[PDB]
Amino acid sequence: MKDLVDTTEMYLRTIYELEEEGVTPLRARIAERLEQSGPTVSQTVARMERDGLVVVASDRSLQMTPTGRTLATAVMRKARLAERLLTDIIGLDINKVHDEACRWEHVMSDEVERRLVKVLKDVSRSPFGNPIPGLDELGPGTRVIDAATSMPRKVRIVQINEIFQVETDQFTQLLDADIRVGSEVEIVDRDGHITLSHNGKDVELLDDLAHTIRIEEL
């Protein structure tokens, strides 16, 4: 949980900050920043290149691939929401906030993040002045097929994406129990998702629709 994957996250955060600061992301630069290289950044970077997280450009700068950038962004979002939490609510001494949040970034789930944006006064910037990125990405709430569990719960519909369906029979089925963009009950079992809407009615979705309809926690 934090001694391999989090090394990767630390490296990605460092590259992100260097770009943010207007500094060319060079390996030596990353090395002093993290007080590493002995077990050089070189071996770690080569590993990230294999995983498709970054590419070493012609000069020597590190360019994050789109997937790497998406991961780097989530890490910065978690760190900065942690800083905001540690400062506004916990009240930890500002001189200790940076280091604590650097550890916390590796353990905060997306769900905790969603609650923090709801509980914090302002999530615009961190206490250190930098903007908190990826708030949008947080919330396409999620593919129904994944967000569903054997344990029922309410959620809100962000998109049905009927445009992408081939199996039309369920459109009217949904329309009857309403289900357009409102709370509903989600549940799994024999891998078949059912749904209850504002009108106590059930609709057993077919794979196609279950993979496509996207909800959003509330």
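One-based numbering along the sequence shown.
Colleague: Which fits the stretch between residue 139 and residue 140: none, 1 to 3, 4 to 9, or 10 or more deposited residues lacking coordinates?
Modeller: 4 to 9 residues lack coordinates between residue 139 and residue 140.
Colleague: Is the mean CA B factor in the deposited entry higher across 180-188 or across 61-69?
Modeller: It is 180-188 that shows the higher mean C-alpha B-factor.
Colleague: So which stretch wins on mean C-alpha B-factor, 140-148 or 87-95?
Modeller: For C-alpha atoms only, the mean B-factor is higher in 140-148.
Colleague: For the listed residues 33, 27, 156, 50, which one has the largest C-alpha B-factor as given in the deposited model?
Modeller: Highest C-alpha B-factor among the listed residues goes to 156.
Colleague: Checking the entry, which one of 203, 209, 15, 23 has the top C-alpha B factor?
Modeller: The C-alpha B-factor peaks, among 203, 209, 15, 23, at 203.
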